[PDB]
Each structure stands twice: as structure tokens, then as C-alpha cells.
């Protein structure tokens, strides 16, 4: 892979962020949000495919926290084809109960550089 590290981080943020639509649909339907190949009963799977930039396999690349209170976290870790200077960093795309979302990056590796974070998902 020849993409820039910052392009990889941004793509990953976009891949997680693309799932907000589905999370909003689950919330309107009164269903628990999941990312699973085996959603149980009333659970609503958010339709994620797979990324070349995230650790884990398929739907398990996105870790969902659904507190059932209008807040949501969609969490992924940079891995696989990601450059060594970003691997292990965690993207968290979070919803407040007013329906406003935000993004942050945490747990970055030593070799992280400021310019790798996009303006829409700052390092915390």
C-alpha cells in the first residue's frame, strides 16, 4: 500500500462514520445497535463490510457501545494495511442523546505525528 498515513486515518474515520445512518435507523426503530454476523432477535446490525485499515475481521472491526440512553460509541482500531506509525490508534465516533456526533483518536503509537489526525477527528 502506498497511501499516506493521514489518508489512511481519514479513510478509516470515513468508514466508521458511514455507519451513523444505520445507527440512526436502529434508534428510530427502538432496536439495540450491533455490529455482528449473528444479530440476535431485535438487534439491528449496522451493515459494516470490512476495511483493509482496521484490526479484526469483518463486522468485528467495529465495536459498538449502545447504552440504550441515546448515546452510542462506534470504535475501531487502526491495523492490517495501516502504516506502523498509526497502528493501534483508536477511532471513536460517538453520539450524544441530542443526536450530535463527534470523533476522536486515542491510544496512538509512539511514532504518531500531529498531521496524521484529520480536523474532524482530533487526537485526545
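Positions refer to the first chain, counted from 1.
- Taking the mean C-alpha B-factor of each stretch as recorded, 64-72 and 46-54 are not equal, and the higher mean is that of 64-72.
- The mean C-alpha temperature factor is higher for 34-42 when 34-42 and 74-82 are set side by side.
- Among the modelled residues of the chain, residue 21 sits in the middle third by CA temperature factor in this PDB entry.
- Among all modelled residues in its chain, residue 115 ranks in the highest third by Cα B-factor.
- Looking at the C-alpha B-factors along this chain, the one for residue 14 belongs to the lowest third.
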